[PDB]
$ cat final-v9.tsv   # TSV, C-alpha atoms and all ligand atoms
chain	number	residue	atom	x	y	z
W	38	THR	CA	165.00	92.26	170.77
W	39	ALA	CA	163.60	88.76	171.32
W	40	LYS	CA	166.20	85.99	171.51
W	41	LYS	CA	169.80	86.76	170.63
W	42	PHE	CA	171.30	84.96	167.64
W	43	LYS	CA	173.39	82.07	168.96
W	44	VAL	CA	176.86	81.35	167.57
W	45	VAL	CA	178.94	78.33	168.56
W	46	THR	CA	182.65	78.20	167.72
W	47	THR	CA	185.08	75.30	167.99
W	48	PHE	CA	187.60	77.06	170.25
W	49	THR	CA	188.18	80.22	172.27
W	50	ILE	CA	190.21	82.39	169.86
W	51	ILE	CA	187.36	82.38	167.31
W	52	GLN	CA	184.84	82.90	170.11
W	53	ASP	CA	186.47	86.19	171.13
W	54	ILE	CA	186.94	87.51	167.60
W	55	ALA	CA	183.35	86.67	166.69
W	56	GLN	CA	181.93	88.14	169.92
W	57	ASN	CA	183.60	91.43	169.03
W	58	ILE	CA	181.80	91.39	165.67
W	59	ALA	CA	178.52	90.17	167.23
W	60	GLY	CA	178.47	92.94	169.83
W	61	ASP	CA	175.15	92.81	171.65
W	62	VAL	CA	172.95	91.20	168.94
W	63	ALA	CA	174.47	87.71	169.29
W	64	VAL	CA	175.96	85.47	171.97
W	65	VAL	CA	179.06	83.49	171.01
W	66	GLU	CA	180.24	80.41	172.91
W	67	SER	CA	183.19	78.05	172.45
W	68	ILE	CA	182.88	74.27	172.46
W	69	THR	CA	186.31	73.78	174.04
W	70	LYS	CA	187.02	75.35	177.42
W	71	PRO	CA	189.97	77.69	178.05
W	72	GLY	CA	193.12	75.65	178.59
W	73	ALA	CA	191.88	72.55	176.79
W	74	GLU	CA	193.85	70.96	173.96
W	75	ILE	CA	191.99	71.79	170.73
W	76	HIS	CA	193.56	69.63	168.00
W	77	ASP	CA	192.58	66.18	169.29
W	78	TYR	CA	189.69	67.21	171.57
W	79	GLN	CA	187.06	64.49	171.99
W	80	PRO	CA	183.52	65.92	171.82
W	81	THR	CA	180.86	64.83	174.31
W	82	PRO	CA	177.06	64.49	174.12
W	83	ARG	CA	176.98	67.87	175.88
W	84	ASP	CA	178.94	69.42	173.00
W	85	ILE	CA	176.41	68.01	170.53
W	86	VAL	CA	173.65	69.74	172.50
W	87	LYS	CA	175.48	73.07	172.43
W	88	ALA	CA	176.10	72.95	168.67
W	89	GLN	CA	172.58	71.72	167.89
W	90	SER	CA	171.02	74.66	169.77
W	91	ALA	CA	173.14	77.17	167.83
W	92	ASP	CA	172.05	79.32	164.93
W	93	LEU	CA	175.56	79.32	163.41
W	94	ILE	CA	178.70	77.21	163.88
W	95	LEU	CA	182.18	78.60	163.21
W	96	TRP	CA	185.37	76.60	162.85
W	97	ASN	CA	188.95	77.19	161.73
W	98	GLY	CA	189.48	74.48	159.18
W	99	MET	CA	193.02	74.16	157.81
W	100	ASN	CA	193.33	70.82	159.65
W	101	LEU	CA	192.96	72.37	163.11
W	102	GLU	CA	189.96	70.53	164.59
W	103	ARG	CA	190.53	66.86	163.74
W	104	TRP	CA	187.23	66.19	165.51
W	105	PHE	CA	185.02	68.75	163.80
W	106	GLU	CA	183.69	67.13	160.61
W	107	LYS	CA	182.67	63.88	162.33
W	108	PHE	CA	181.09	65.92	165.13
W	109	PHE	CA	179.23	68.25	162.73
W	110	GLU	CA	177.59	65.26	160.99
W	111	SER	CA	175.54	64.84	164.17
W	112	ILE	CA	174.19	68.41	163.81
W	113	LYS	CA	170.99	68.99	161.83
W	114	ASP	CA	169.99	72.21	160.03
W	115	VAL	CA	172.64	74.43	161.68
W	116	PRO	CA	174.75	76.34	159.13
W	117	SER	CA	178.52	76.38	159.46
W	118	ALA	CA	181.26	78.60	158.11
W	119	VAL	CA	185.01	78.07	157.91
W	120	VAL	CA	186.68	81.29	159.00
W	121	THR	CA	190.04	80.88	157.19
W	122	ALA	CA	188.85	81.19	153.58
W	123	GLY	CA	191.26	83.36	151.60
W	124	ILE	CA	194.26	82.87	153.92
W	125	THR	CA	197.35	81.53	152.18
W	126	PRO	CA	198.57	78.58	154.30
W	127	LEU	CA	202.07	77.68	155.39
W	128	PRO	CA	202.75	73.95	155.12
W	129	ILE	CA	203.79	71.85	158.07
W	130	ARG	CA	207.45	71.06	157.49
W	131	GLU	CA	207.85	67.51	158.84
W	132	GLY	CA	206.23	64.63	160.67
W	133	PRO	CA	203.15	62.68	159.55
W	134	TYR	CA	201.28	65.96	158.94
W	135	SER	CA	204.06	67.36	156.73
W	136	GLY	CA	202.82	69.21	153.67
W	137	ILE	CA	199.29	70.04	154.87
W	138	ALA	CA	198.31	73.54	156.00
W	139	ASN	CA	199.54	74.78	159.34
W	140	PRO	CA	196.25	75.73	161.11
W	141	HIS	CA	197.59	78.46	163.41
W	142	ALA	CA	196.93	81.32	160.98
W	143	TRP	CA	195.39	83.60	163.64
W	144	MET	CA	198.83	84.31	165.16
W	145	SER	CA	199.48	86.75	162.29
W	146	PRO	CA	197.58	89.99	162.98
W	147	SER	CA	197.33	90.51	159.21
W	148	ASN	CA	195.60	87.13	158.92
W	149	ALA	CA	193.22	88.09	161.75
W	150	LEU	CA	191.75	90.77	159.48
W	151	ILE	CA	190.71	87.99	157.11
W	152	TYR	CA	189.22	86.01	160.02
W	153	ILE	CA	187.19	89.11	160.85
W	154	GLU	CA	185.92	89.51	157.30
W	155	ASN	CA	184.96	85.83	157.04
W	156	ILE	CA	183.11	85.93	160.37
W	157	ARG	CA	181.36	89.15	159.29
W	158	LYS	CA	180.16	87.63	155.99
W	159	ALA	CA	178.87	84.53	157.80
W	160	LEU	CA	176.94	86.51	160.40
W	161	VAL	CA	175.55	88.82	157.71
W	162	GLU	CA	174.45	85.85	155.58
W	163	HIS	CA	172.75	83.86	158.34
W	164	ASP	CA	171.41	86.72	160.52
W	165	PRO	CA	170.65	89.35	157.86
W	166	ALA	CA	168.31	91.34	160.14
W	167	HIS	CA	171.39	92.59	162.04
W	168	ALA	CA	173.76	93.01	159.07
W	169	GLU	CA	174.29	96.71	159.87
W	170	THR	CA	175.42	95.94	163.43
W	171	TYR	CA	177.78	93.17	162.30
W	172	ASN	CA	179.23	95.44	159.61
W	173	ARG	CA	179.75	98.33	162.01
W	174	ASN	CA	181.25	96.12	164.71
W	175	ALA	CA	183.61	94.35	162.29
W	176	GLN	CA	184.89	97.65	160.89
W	177	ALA	CA	185.66	98.90	164.42
W	178	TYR	CA	187.38	95.67	165.48
W	179	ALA	CA	189.38	95.43	162.25
W	180	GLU	CA	190.63	98.95	163.02
W	181	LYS	CA	191.95	97.78	166.40
W	182	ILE	CA	193.57	94.67	164.91
W	183	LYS	CA	195.12	96.65	162.04
W	184	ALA	CA	196.58	99.20	164.47
W	185	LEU	CA	197.86	96.31	166.62
W	186	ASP	CA	200.52	95.28	164.11
W	187	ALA	CA	202.88	98.27	164.11
W	188	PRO	CA	203.86	98.32	167.83
W	189	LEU	CA	204.30	94.54	167.82
W	190	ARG	CA	206.45	94.65	164.69
W	191	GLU	CA	208.61	97.41	166.16
W	192	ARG	CA	208.98	95.59	169.49
W	193	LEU	CA	210.22	92.36	167.90
W	194	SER	CA	212.38	94.25	165.39
W	195	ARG	CA	214.57	95.24	168.37
W	196	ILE	CA	215.89	91.66	168.38
W	197	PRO	CA	218.84	91.43	165.94
W	198	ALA	CA	217.71	89.63	162.80
W	199	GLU	CA	220.48	87.02	163.14
W	200	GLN	CA	219.28	86.11	166.65
W	201	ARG	CA	215.55	85.86	165.74
W	202	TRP	CA	215.10	82.18	166.61
W	203	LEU	CA	211.69	81.27	168.06
W	204	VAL	CA	212.07	77.96	169.94
W	205	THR	CA	208.72	76.56	171.11
W	206	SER	CA	207.10	73.22	171.95
W	207	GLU	CA	204.45	72.98	169.25
W	208	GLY	CA	205.38	74.53	165.90
W	209	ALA	CA	202.32	76.73	166.29
W	210	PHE	CA	204.04	80.04	165.61
W	211	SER	CA	204.92	79.72	161.91
W	212	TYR	CA	202.65	82.58	160.79
W	213	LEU	CA	203.86	84.97	163.47
W	214	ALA	CA	207.45	83.93	162.73
W	215	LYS	CA	206.98	84.72	159.03
W	216	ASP	CA	205.41	88.14	159.68
W	217	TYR	CA	208.20	89.21	162.02
W	218	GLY	CA	211.15	87.38	160.47
W	219	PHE	CA	211.89	84.68	163.05
W	220	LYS	CA	213.48	81.36	162.25
W	221	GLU	CA	211.41	78.60	163.74
W	222	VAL	CA	212.52	75.66	165.91
W	223	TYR	CA	210.04	73.42	167.71
W	224	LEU	CA	209.83	70.17	169.64
W	225	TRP	CA	206.91	68.85	167.56
W	226	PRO	CA	205.40	70.25	164.34
W	227	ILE	CA	201.72	70.03	165.43
W	228	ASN	CA	199.89	68.65	168.46
W	229	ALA	CA	199.30	64.92	167.94
W	230	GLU	CA	200.71	61.66	169.31
W	231	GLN	CA	204.49	62.28	169.57
W	232	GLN	CA	205.20	65.29	171.83
W	233	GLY	CA	208.65	65.39	173.43
W	234	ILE	CA	209.99	62.02	172.22
W	235	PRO	CA	213.77	61.70	171.74
W	236	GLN	CA	215.11	62.70	168.30
W	237	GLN	CA	212.87	65.76	168.61
W	238	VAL	CA	214.49	67.03	171.81
W	239	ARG	CA	218.03	66.27	170.63
W	240	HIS	CA	217.59	68.14	167.34
W	241	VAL	CA	216.29	71.25	169.10
W	242	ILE	CA	219.14	71.04	171.63
W	243	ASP	CA	221.66	70.94	168.77
W	244	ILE	CA	220.11	73.98	167.09
W	245	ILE	CA	220.23	75.86	170.41
W	246	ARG	CA	223.88	75.16	171.13
W	247	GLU	CA	225.06	75.89	167.59
W	248	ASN	CA	223.33	79.29	167.53
W	249	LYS	CA	223.46	80.10	171.29
W	250	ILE	CA	219.73	80.80	171.29
W	251	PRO	CA	218.98	82.43	174.65
W	252	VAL	CA	215.39	81.27	175.35
W	253	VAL	CA	212.87	78.47	174.72
W	254	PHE	CA	209.11	78.45	175.35
W	255	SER	CA	206.11	76.24	176.03
W	256	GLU	CA	202.42	76.90	175.30
W	257	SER	CA	199.35	77.08	177.48
W	258	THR	CA	197.49	73.87	176.49
W	259	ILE	CA	200.42	71.42	176.51
W	260	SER	CA	203.07	70.26	179.00
W	261	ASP	CA	205.93	72.57	179.90
W	262	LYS	CA	208.19	69.60	180.71
W	263	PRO	CA	209.91	69.16	177.29
W	264	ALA	CA	210.76	72.86	177.09
W	265	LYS	CA	212.12	72.90	180.66
W	266	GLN	CA	214.15	69.79	179.85
W	267	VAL	CA	215.64	71.65	176.87
W	268	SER	CA	216.50	74.69	178.96
W	269	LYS	CA	218.05	72.63	181.76
W	270	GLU	CA	220.44	70.93	179.31
W	271	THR	CA	221.40	74.04	177.30
W	272	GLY	CA	222.36	77.66	177.78
W	273	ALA	CA	218.75	78.68	177.15
W	274	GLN	CA	216.50	80.12	179.80
W	275	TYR	CA	212.94	78.83	180.04
W	276	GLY	CA	210.93	81.79	178.69
W	277	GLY	CA	207.55	80.78	180.06
W	278	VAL	CA	204.30	79.93	178.32
W	279	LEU	CA	203.07	81.53	175.14
W	280	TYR	CA	199.39	81.60	174.28
W	281	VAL	CA	198.28	80.32	170.87
W	282	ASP	CA	195.71	77.51	171.04
W	283	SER	CA	193.56	78.96	173.84
W	284	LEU	CA	192.69	82.10	175.71
W	285	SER	CA	192.74	82.07	179.48
W	286	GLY	CA	189.50	82.25	181.39
W	287	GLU	CA	187.86	85.67	181.35
W	288	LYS	CA	189.29	86.40	184.81
W	289	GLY	CA	192.77	85.28	183.74
W	290	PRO	CA	195.62	87.27	182.20
W	291	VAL	CA	194.77	86.40	178.56
W	292	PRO	CA	191.00	86.96	178.24
W	293	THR	CA	190.87	88.18	174.63
W	294	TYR	CA	192.42	87.62	171.23
W	295	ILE	CA	194.10	91.04	171.46
W	296	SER	CA	195.51	90.12	174.87
W	297	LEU	CA	196.81	86.82	173.46
W	298	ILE	CA	198.77	88.45	170.63
W	299	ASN	CA	200.08	91.11	173.02
W	300	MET	CA	201.04	88.59	175.72
W	301	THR	CA	202.75	86.20	173.33
W	302	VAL	CA	204.79	89.00	171.74
W	303	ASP	CA	205.64	90.52	175.16
W	304	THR	CA	206.80	87.16	176.52
W	305	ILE	CA	208.96	86.51	173.44
W	306	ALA	CA	210.52	89.98	173.62
W	307	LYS	CA	211.17	89.59	177.36
W	308	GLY	CA	212.78	86.22	176.72
W	309	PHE	CA	215.30	88.04	174.52
W	310	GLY	CA	215.89	90.84	177.03
W	311	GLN	CA	213.40	93.17	175.28
W	401	MN	MN	198.17	74.09	168.23
$ encode --input "final-v9.tsv" --output "structure tokens"
Amino acid sequence: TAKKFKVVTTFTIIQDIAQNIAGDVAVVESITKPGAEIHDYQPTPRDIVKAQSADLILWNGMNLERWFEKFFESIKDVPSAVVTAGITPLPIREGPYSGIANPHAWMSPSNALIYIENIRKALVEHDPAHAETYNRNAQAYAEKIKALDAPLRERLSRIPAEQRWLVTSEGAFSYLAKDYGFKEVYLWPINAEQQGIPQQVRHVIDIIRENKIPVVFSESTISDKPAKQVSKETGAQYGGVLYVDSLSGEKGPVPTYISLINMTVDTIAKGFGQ
């Protein structure tokens, strides 16, 4: 066991999934730090150094990392793999990114199994000496992720179908909402320039009052102020922060991809009174 195979990912969700597949034969590190906004992140010379010293670079694609392809052109002779191949996208519904793929596919546990398979194939291709370890680790982790779905589905099923309205800041929850039958209301369709402008807030407020939706949420890498503004003006309680674009730090409450799915579903369910 000389030097461990080095994997660099764009952001922390992929880092944790890939580190579960890598086990102890590879070290996986994220370019973005926990808590940092991932869509419009601006890479630094230090990021170039991290990617250039990698043996493999992983990214989401599906229009997530607006920075990645320009960044990756600086990187020489490091292979890359997009980890969303074979996932059927949901289009963004409005705004200047309307009609392109919603990137947040990892929020569907079923989609996470495809992430796992894509990361497995990439590690097996570019570090074939350890293919057996990658294959064994991916099969074990896919088992955990597959088993994850049923208790989450049952928990959210307790909410009456008619009242399944998921009101968030970014429209980052479309894939989770589809899996578990939530209608989707958000202050902005995808992180970009306009985030909490009028017209956005007033539409969401109208939807809330018409349907008496009991809770609204923010997310961990953006400002909670628009969501709190919405809850102040309506009957809706502020449900807290959901996790989608980033894990917490390893010593925080959301250190892993499994903990992120569990925490986000728990917080939603609690916002509805379980
Ligand atoms: Mn996002």
$ closest_residue --input "final-v9.tsv" --among "W:284, W:62, W:94, W:259" --to "residue 165 in chain W" --atoms "all atoms listed in the file"
W:62
$ atom_distance --input "final-v9.tsv" --atom1 "CA of residue 150 in chain W" --atom2 "CA of residue 302 in chain W"
18.0 Å
$ closest_residue --input "final-v9.tsv" --among "W:53, W:199, W:287, W:102" --to "residue 249 in chain W" --atoms "all atoms listed in the file"
W:199
$ residues_near_point --input "final-v9.tsv" --point "(179.4, 82.2, 162.2)" --cutoff "10 Å" --atoms "all atoms listed in the file" --output "mmCIF file with C-alpha atoms, keeping the file's coordinate frame"
data_model
loop_
_atom_site.group_PDB
_atom_site.id
_atom_site.type_symbol
_atom_site.label_atom_id
_atom_site.label_comp_id
_atom_site.auth_asym_id
_atom_site.auth_seq_id
_atom_site.Cartn_x
_atom_site.Cartn_y
_atom_site.Cartn_z
ATOM 1 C CA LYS W 43 173.390 82.070 168.960
ATOM 2 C CA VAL W 44 176.860 81.350 167.570
ATOM 3 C CA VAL W 45 178.940 78.330 168.560
ATOM 4 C CA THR W 46 182.650 78.200 167.720
ATOM 5 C CA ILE W 51 187.360 82.380 167.310
ATOM 6 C CA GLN W 52 184.840 82.900 170.110
ATOM 7 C CA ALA W 55 183.350 86.670 166.690
ATOM 8 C CA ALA W 59 178.520 90.170 167.230
ATOM 9 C CA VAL W 65 179.060 83.490 171.010
ATOM 10 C CA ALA W 91 173.140 77.170 167.830
ATOM 11 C CA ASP W 92 172.050 79.320 164.930
ATOM 12 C CA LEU W 93 175.560 79.320 163.410
ATOM 13 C CA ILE W 94 178.700 77.210 163.880
ATOM 14 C CA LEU W 95 182.180 78.600 163.210
ATOM 15 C CA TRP W 96 185.370 76.600 162.850
ATOM 16 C CA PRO W 116 174.750 76.340 159.130
ATOM 17 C CA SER W 117 178.520 76.380 159.460
ATOM 18 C CA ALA W 118 181.260 78.600 158.110
ATOM 19 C CA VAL W 119 185.010 78.070 157.910
ATOM 20 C CA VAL W 120 186.680 81.290 159.000
ATOM 21 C CA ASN W 155 184.960 85.830 157.040
ATOM 22 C CA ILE W 156 183.110 85.930 160.370
ATOM 23 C CA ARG W 157 181.360 89.150 159.290
ATOM 24 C CA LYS W 158 180.160 87.630 155.990
ATOM 25 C CA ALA W 159 178.870 84.530 157.800
ATOM 26 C CA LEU W 160 176.940 86.510 160.400
ATOM 27 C CA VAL W 161 175.550 88.820 157.710
ATOM 28 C CA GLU W 162 174.450 85.850 155.580
ATOM 29 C CA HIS W 163 172.750 83.860 158.340
ATOM 30 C CA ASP W 164 171.410 86.720 160.520
#
$ residues_near_ligand --input "final-v9.tsv" --ligand "ligand MN 401 (chain W)" --cutoff "8 Å" --atoms "only C-alpha atoms and all ligand atoms" --output "list in words"
residues 74, 75, 76, 101, 140, 141, 207, 208, 209, 227, 228, 281 and 282 of chain W
$ atom_distance --input "final-v9.tsv" --atom1 "CA of residue 129 in chain W" --atom2 "CA of residue 186 in chain W"
24.4 Å
$ atom_distance --input "final-v9.tsv" --atom1 "CA of residue 110 in chain W" --atom2 "CA of residue 73 in chain W"
22.5 Å
$ axis_aligned_box --input "final-v9.tsv" --around "range 253-262 of chain W" --padding-each-side "6 Å" --output "JSON"
{"center_x": 205.2, "center_y": 74.0, "center_z": 177.7, "size_x": 27.4, "size_y": 20.9, "size_z": 18.0}
$ closest_residue --input "final-v9.tsv" --among "W:177, W:306, W:122, W:149" --to "residue 194 in chain W" --atoms "all atoms listed in the file"
W:306
$ closest_residue --input "final-v9.tsv" --among "W:298, W:138, W:175, W:166" --to "residue 189 in chain W" --atoms "all atoms listed in the file"
W:298
$ residues_around --input "final-v9.tsv" --residues "residue 244 in chain W" --least-positions-apart "4" --cutoff "10 Å" --atoms "only C-alpha atoms" --output "list in words"
residues 202, 204, 222, 239, 240, 248, 249 and 250 of chain W
$ residues_around --input "final-v9.tsv" --residues "residue 223 in chain W" --least-positions-apart "2" --cutoff "10 Å" --atoms "all atoms listed in the file" --output "PyMOL selection string"
chain W and resi 203-211+221+225-227+233+237-238+240-241+253-255+264
$ closest_residue --input "final-v9.tsv" --among "W:39, W:295, W:308, W:100" --to "residue 135 in chain W" --atoms "all atoms listed in the file"
W:100
$ residues_around --input "final-v9.tsv" --residues "residue 176 in chain W" --least-positions-apart "3" --cutoff "9 Å" --atoms "only C-alpha atoms" --output "NGL selection string"
:W and (58 or 153-154 or 171-173 or 179-181)
$ closest_residue --input "final-v9.tsv" --among "W:137, W:68, W:112, W:291" --to "residue 98 in chain W" --atoms "all atoms listed in the file"
W:137
$ residues_around --input "final-v9.tsv" --residues "residue 85 in chain W" --least-positions-apart "4" --cutoff "8 Å" --atoms "all atoms listed in the file" --output "list in words"
residues 80, 81, 89, 108, 111 and 112 of chain W
$ build_atoms --input "final-v9.tsv" --residues "range 197-224 of chain W" --atoms "N, CA and C atoms" --output "PDB file, in the frame of the given file"
ATOM      1  N   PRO W 197     218.036  91.502 167.164  1.00  0.00           N
ATOM      2  CA  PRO W 197     218.840  91.430 165.940  1.00  0.00           C
ATOM      3  C   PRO W 197     218.376  90.295 165.042  1.00  0.00           C
ATOM      4  N   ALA W 198     218.253  90.596 163.744  1.00  0.00           N
ATOM      5  CA  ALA W 198     217.710  89.630 162.800  1.00  0.00           C
ATOM      6  C   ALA W 198     218.394  88.273 162.921  1.00  0.00           C
ATOM      7  N   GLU W 199     219.722  88.270 163.071  1.00  0.00           N
ATOM      8  CA  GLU W 199     220.480  87.020 163.140  1.00  0.00           C
ATOM      9  C   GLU W 199     220.102  86.181 164.353  1.00  0.00           C
ATOM     10  N   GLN W 200     219.622  86.812 165.417  1.00  0.00           N
ATOM     11  CA  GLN W 200     219.280  86.110 166.650  1.00  0.00           C
ATOM     12  C   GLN W 200     217.789  85.817 166.766  1.00  0.00           C
ATOM     13  N   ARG W 201     216.995  86.103 165.728  1.00  0.00           N
ATOM     14  CA  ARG W 201     215.550  85.860 165.740  1.00  0.00           C
ATOM     15  C   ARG W 201     215.282  84.383 165.498  1.00  0.00           C
ATOM     16  N   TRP W 202     215.425  83.605 166.575  1.00  0.00           N
ATOM     17  CA  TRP W 202     215.100  82.180 166.610  1.00  0.00           C
ATOM     18  C   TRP W 202     213.980  81.985 167.624  1.00  0.00           C
ATOM     19  N   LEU W 203     212.824  81.518 167.169  1.00  0.00           N
ATOM     20  CA  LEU W 203     211.690  81.270 168.060  1.00  0.00           C
ATOM     21  C   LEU W 203     211.624  79.773 168.331  1.00  0.00           C
ATOM     22  N   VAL W 204     212.008  79.368 169.547  1.00  0.00           N
ATOM     23  CA  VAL W 204     212.070  77.960 169.940  1.00  0.00           C
ATOM     24  C   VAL W 204     210.885  77.668 170.853  1.00  0.00           C
ATOM     25  N   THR W 205     209.954  76.838 170.384  1.00  0.00           N
ATOM     26  CA  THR W 205     208.720  76.560 171.110  1.00  0.00           C
ATOM     27  C   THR W 205     208.505  75.056 171.187  1.00  0.00           C
ATOM     28  N   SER W 206     207.398  74.647 171.812  1.00  0.00           N
ATOM     29  CA  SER W 206     207.100  73.220 171.950  1.00  0.00           C
ATOM     30  C   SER W 206     206.366  72.727 170.699  1.00  0.00           C
ATOM     31  N   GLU W 207     205.127  73.171 170.525  1.00  0.00           N
ATOM     32  CA  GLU W 207     204.450  72.980 169.250  1.00  0.00           C
ATOM     33  C   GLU W 207     204.954  74.014 168.251  1.00  0.00           C
ATOM     34  N   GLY W 208     205.068  73.604 166.985  1.00  0.00           N
ATOM     35  CA  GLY W 208     205.380  74.530 165.900  1.00  0.00           C
ATOM     36  C   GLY W 208     204.172  75.348 165.486  1.00  0.00           C
ATOM     37  N   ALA W 209     203.566  76.010 166.460  1.00  0.00           N
ATOM     38  CA  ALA W 209     202.320  76.730 166.290  1.00  0.00           C
ATOM     39  C   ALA W 209     202.530  78.174 165.887  1.00  0.00           C
ATOM     40  N   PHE W 210     203.776  78.617 165.758  1.00  0.00           N
ATOM     41  CA  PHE W 210     204.040  80.040 165.610  1.00  0.00           C
ATOM     42  C   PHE W 210     204.527  80.411 164.214  1.00  0.00           C
ATOM     43  N   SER W 211     204.365  79.505 163.243  1.00  0.00           N
ATOM     44  CA  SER W 211     204.920  79.720 161.910  1.00  0.00           C
ATOM     45  C   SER W 211     204.425  81.008 161.261  1.00  0.00           C
ATOM     46  N   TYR W 212     203.152  81.384 161.474  1.00  0.00           N
ATOM     47  CA  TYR W 212     202.650  82.580 160.790  1.00  0.00           C
ATOM     48  C   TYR W 212     203.162  83.847 161.436  1.00  0.00           C
ATOM     49  N   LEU W 213     203.212  83.869 162.772  1.00  0.00           N
ATOM     50  CA  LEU W 213     203.860  84.970 163.470  1.00  0.00           C
ATOM     51  C   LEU W 213     205.333  85.066 163.094  1.00  0.00           C
ATOM     52  N   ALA W 214     206.026  83.924 163.063  1.00  0.00           N
ATOM     53  CA  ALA W 214     207.450  83.930 162.730  1.00  0.00           C
ATOM     54  C   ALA W 214     207.689  84.516 161.346  1.00  0.00           C
ATOM     55  N   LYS W 215     206.844  84.157 160.374  1.00  0.00           N
ATOM     56  CA  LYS W 215     206.980  84.720 159.030  1.00  0.00           C
ATOM     57  C   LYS W 215     206.790  86.230 159.037  1.00  0.00           C
ATOM     58  N   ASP W 216     205.696  86.705 159.651  1.00  0.00           N
ATOM     59  CA  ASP W 216     205.410  88.140 159.680  1.00  0.00           C
ATOM     60  C   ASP W 216     206.595  88.924 160.214  1.00  0.00           C
ATOM     61  N   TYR W 217     207.202  88.440 161.295  1.00  0.00           N
ATOM     62  CA  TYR W 217     208.200  89.210 162.020  1.00  0.00           C
ATOM     63  C   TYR W 217     209.608  88.678 161.838  1.00  0.00           C
ATOM     64  N   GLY W 218     209.814  87.797 160.865  1.00  0.00           N
ATOM     65  CA  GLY W 218     211.150  87.380 160.470  1.00  0.00           C
ATOM     66  C   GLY W 218     211.908  86.550 161.483  1.00  0.00           C
ATOM     67  N   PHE W 219     211.239  85.604 162.133  1.00  0.00           N
ATOM     68  CA  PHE W 219     211.890  84.680 163.050  1.00  0.00           C
ATOM     69  C   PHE W 219     212.129  83.352 162.346  1.00  0.00           C
ATOM     70  N   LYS W 220     213.299  82.763 162.581  1.00  0.00           N
ATOM     71  CA  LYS W 220     213.480  81.360 162.250  1.00  0.00           C
ATOM     72  C   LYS W 220     212.843  80.527 163.348  1.00  0.00           C
ATOM     73  N   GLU W 221     212.381  79.349 162.969  1.00  0.00           N
ATOM     74  CA  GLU W 221     211.410  78.600 163.740  1.00  0.00           C
ATOM     75  C   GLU W 221     211.998  77.243 164.089  1.00  0.00           C
ATOM     76  N   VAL W 222     212.018  76.925 165.381  1.00  0.00           N
ATOM     77  CA  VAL W 222     212.520  75.660 165.910  1.00  0.00           C
ATOM     78  C   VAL W 222     211.484  75.173 166.907  1.00  0.00           C
ATOM     79  N   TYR W 223     211.117  73.894 166.838  1.00  0.00           N
ATOM     80  CA  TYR W 223     210.040  73.420 167.710  1.00  0.00           C
ATOM     81  C   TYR W 223     210.256  71.952 168.040  1.00  0.00           C
ATOM     82  N   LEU W 224     209.701  71.547 169.184  1.00  0.00           N
ATOM     83  CA  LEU W 224     209.830  70.170 169.640  1.00  0.00           C
ATOM     84  C   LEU W 224     208.916  69.218 168.879  1.00  0.00           C
TER      85      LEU W 224
END
